[PDB]
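One chain comes next, on its own, written out as structure tokens in the form deposited in one PDB entry.
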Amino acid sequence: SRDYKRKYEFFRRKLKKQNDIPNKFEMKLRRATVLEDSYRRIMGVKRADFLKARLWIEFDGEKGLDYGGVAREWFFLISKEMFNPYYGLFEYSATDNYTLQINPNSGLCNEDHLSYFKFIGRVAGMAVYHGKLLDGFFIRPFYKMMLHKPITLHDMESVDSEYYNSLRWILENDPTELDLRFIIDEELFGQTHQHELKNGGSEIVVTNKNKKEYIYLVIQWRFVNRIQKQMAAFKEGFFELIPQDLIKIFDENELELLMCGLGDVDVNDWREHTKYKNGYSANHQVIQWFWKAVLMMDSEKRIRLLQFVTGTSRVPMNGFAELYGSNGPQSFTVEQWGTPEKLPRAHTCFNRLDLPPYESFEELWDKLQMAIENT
């Protein structure tokens, strides 16, 4: 079979170029109104295929800028807007998570929400098509729905561990005596909302004969049932740019990396293939604090730290042992530089972090985090 890199090459090979299209897609936008201007342009095109031409984007009448750079900025800005839970289309999957899911009540907020989701799908599609990234991390069932993969009990673990553990107990033990019914109780606005999982659900006892169905219905309720039209609209837009059959060569981890550049960073592998300069070593107090910091950063923050030091967010295949710098093989590097007063600096050409010898973990935490959020 093919690993991720070979799959991606294969994928691009099949993604043929449109010839029956204008040679560029022109889009003039104002920053104060990027979302509305982008929506009007991208949903107004005569043919979705027009969006496959070279992006020719202009902000606030600013002429004389590299159209390649402007596009990348646009994908960033439009992501921030589209995925902002304030608009009510997406929401965080849990109070303690940073991953996004489709808001079941998206329609209450926005009568025209299906066209907004189709638009979001078109833009996601445009990112994949033009080799750019969306800035946003979705829950794993989002990616699976895109790929028409079944949502499973396991998917519930990454999103809600308490719930996952309860359904798993149900799967492994006879639940009959608990006298559970085919209903779901959701806590909202200081009240309990009960929903029947099937007709007459309240009077149907969960047992070993029907618990596989119970679990299926609970999972569909949590991730699918209430957001079918929304996701259908997103997929419609997405598939106007990327043939659905082509996207199927990827699994859900590969797809997420493809679209959003996010994934789980093996800090162990990162750690073992780091080099040290000018006094630093694996056992050095400051270094011990560095790895302590990295270990307690979110996957998002780990990625962005990697981005800061290397210049890119991509984690090399076969791990950090094969990381490249600017002039050949160059391991991730931490060098002692500067006094504790200044922030850490990055030499991207050498994948090198210049790290002052801070005198406290919390100071290191503060200084390192400050440096990253500028990138």
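Definition used throughout: the rigid core is the maximal C-alpha set that superposes within 1.5 Å between two forms. In case it trips you up, residue 1 is the first one in the sequence shown, and so on.
Same protein, other form: the form deposited in another entry, not shown, and the subject of what follows.
Only one of 226, 273, 235, 130 has its Cα shifted by 2 Å or more between the shown form and the other one after fitting on the core, and that residue is 273. Shown in the overlay between the shown form and the other one, fitted on the rigid core, is a CA shift at residue 196 of 2 Å or greater.
For residue 303, the Cα coordinates differ by 2 angstroms or more between the shown form and the other one after the core has been superposed. With a cut-off of 2 Å and the rigid core superposed, residue 171 has a Cα displacement that reaches or exceeds the cut-off between the shown form and the other one. In comparison with the shown form, the Cα-Cα distance of residue 190 and residue 108 decreases by at least 3 angstroms in the other form. Relative to the displayed conformation, the Cα-Cα distance from residue 140 to residue 296 grows by 3 Å or more in the other form.
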